[PDB]
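Coming up is one lone chain in structure tokens, specifically the form deposited in one PDB entry.
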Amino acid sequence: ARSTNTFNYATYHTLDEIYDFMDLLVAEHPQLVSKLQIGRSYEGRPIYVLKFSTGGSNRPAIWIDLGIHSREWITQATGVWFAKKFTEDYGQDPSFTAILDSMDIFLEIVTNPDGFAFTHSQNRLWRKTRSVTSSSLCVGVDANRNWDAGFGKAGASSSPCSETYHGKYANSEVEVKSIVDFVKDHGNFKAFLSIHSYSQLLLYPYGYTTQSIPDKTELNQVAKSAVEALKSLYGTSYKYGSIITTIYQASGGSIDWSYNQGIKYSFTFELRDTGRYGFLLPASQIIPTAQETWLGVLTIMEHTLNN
């Protein structure tokens, strides 16, 4: 792709193609987008965040991360589509324009670059990082069980070979600490969205405790509105609720952490499908998935700008 306009959004890409895409986008919209390097992965790959902004100084912001579980390919694909969409819609869509005129958006397309490279090179179903454990032959940590939110509690595994291993200590994974430091240093995030696949769920905190969050009525109503919006395009049906009541107890998750940091609008999306294809969703479903997910995300951003 020589332009973001010639990039093929209807196919799955490699890490290099995605990183090149970032530079194309910055080159084409220098006034709206910038590429920030917030760290380096365990295997030394740069960890990039795209910042979308119309100006100001430390405007209230929205965090969006995709690909923390490497095999959920639909999420990185949706992330590239979102990046392009932001640049297309600014000045076109009255609602989205209103959002960018007052808030900044930080997008992390490939949150776990080492696992992603591995899914292309050796094992398509790899979901963890690629950090090497001391007293183990097993590699990697489930980065969505490594956050300081009920870390090590039930709903995570203490065995290194487990697909749900939580890691040695909270924030042991550089991929997670890089986000933690950035968000804490910024201090003006209002929303935190983490995108995964699959199951068609929109969840709010918590997963590590049965305790109800103080903002449950509001987040529940936002979730209902977001799922109604998403369903509107293709009729895709999502369920919504707190993590623990919807799925099961799960500790060390990112939205439990972000909520505990005071970022009220903390939600996780589990994208298509419900099991027919699971992690190997056909390339043909990339654009429709991205399109409907954008409506759900925009709904949350609108509430955020207003509240």
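Note that residue numbering begins at 1 and tracks the sequence as displayed.
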Per the PDB entry, mean CA B-factor is higher for 189 to 197 or 121 to 129, namely for 121 to 129
Select between 248 to 256 and 58 to 66 the stretch whose C-alpha atoms have the higher average B-factor in the entry.
-> 58 to 66
From 139, 105, 110, 233, residue of greatest CA B-factor = 233
Can you pull the Cα B-factors for 205, 115, 79, 152 from the entry and say which is highest?
-> 152
Chain-wide C-alpha B factor ranking for residue 299, given as lowest, middle or highest third | middle
Mind checking which third residue 73 falls in for C-alpha B-factor across the chain?
-> lowest
Thinking about Cα B factors across the chain, which third does residue 276 belong to?
-> middle
Can you work out whether the C-alpha temperature factor of residue 11 puts it in the lowest, middle or highest third of the chain?
-> highest
Assert third(CA B-factor, residue 217) within chain per record equals highest
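The discussion below concerns the form solved in complex with a partner chain, not included here.
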Answer yes or no: in the bound PDB entry, does the partner chain come within 4.5 Å of a heavy atom in every one of 11, 245 and 274?
-> yes
Considering 106, 192, 73, 96, which brings a non-hydrogen atom within 4.5 Å of the partner chain in the bound PDB entry?
-> 73
May I ask you to check whether residue 280 falls inside a 4.5 Å heavy atom distance of the partner chain in the bound PDB entry?
-> yes
Would you check, heavy atoms only and a 4.5 Å threshold, whether residue 177 touches the partner chain in the bound PDB entry?
-> no
Using heavy atoms and a 4.5 Å limit, would one call residue 199 a contact residue for the partner chain in the bound PDB entry?
-> yes
Does residue 121 reach the partner chain in the bound PDB entry, with heavy atoms at most 4.5 Å apart?
-> yes
